[PDB]
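Student: I'd like to ask you about the structure that follows.
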Amino acid sequence: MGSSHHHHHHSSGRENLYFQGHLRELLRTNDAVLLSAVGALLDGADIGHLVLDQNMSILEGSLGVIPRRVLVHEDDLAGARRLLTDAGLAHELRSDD
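If you count the sequence shown from 1, position 27 lands on 27 in the authors' numbering, and the numbers rise without skipping.
Written out as structure tokens, the structure is:
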């Protein structure tokens, strides 16, 4: 019981000497369409994102009781915001203020 799972991947490129954090806030909205657009953009580029603030059940959603907020991993913090600005829409973007 338990086959020999032996894989190997050699990669050592730890040149990132900074970035003490993890997550930063990008934008927010309750609009299902906008949330789908931004989601597809980040998902399509394999960008580690977080749009799950709170999620209302799929049994007929409300008009604006549950708003979501879009964060991404600081690994691609500038990259995701670059994408959303350059080839997304650039509008509801907020900073870590």
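Every residue gets a Cβ at the ideal spot worked out from N, C-alpha and C, and that includes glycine.
Per DSSP, residue 41 forms a beta bridge with which residues?
Tutor: According to DSSP, residue 41 bridges with nothing at all.
Student: Output the distance between the C-alpha atoms of residue 10 and residue 65, rounded to the nearest integer angstrom.
Tutor: Distance between the alpha carbons of residue 10 and residue 65: 48 Å.
Student: Taking the alpha carbon of residue 16 as the reference point, which residue from 54, 51, 53 and 75 has its own alpha carbon closest?
Tutor: That would be 75, whose Cα lies nearest to the Cα of residue 16.
Student: Using the Cα positions of residue 77 and residue 67, report the straight-line distance between them to the nearest angstrom.
Tutor: In a straight line, the C-alpha of residue 77 is about 22 Å away from that of residue 67.
Student: For residue 81, report the span of its alpha helix (DSSP H) as first-last.
Tutor: Where residue 81 is concerned, the enclosing alpha helix (DSSP H) stretches over 77 to 86.
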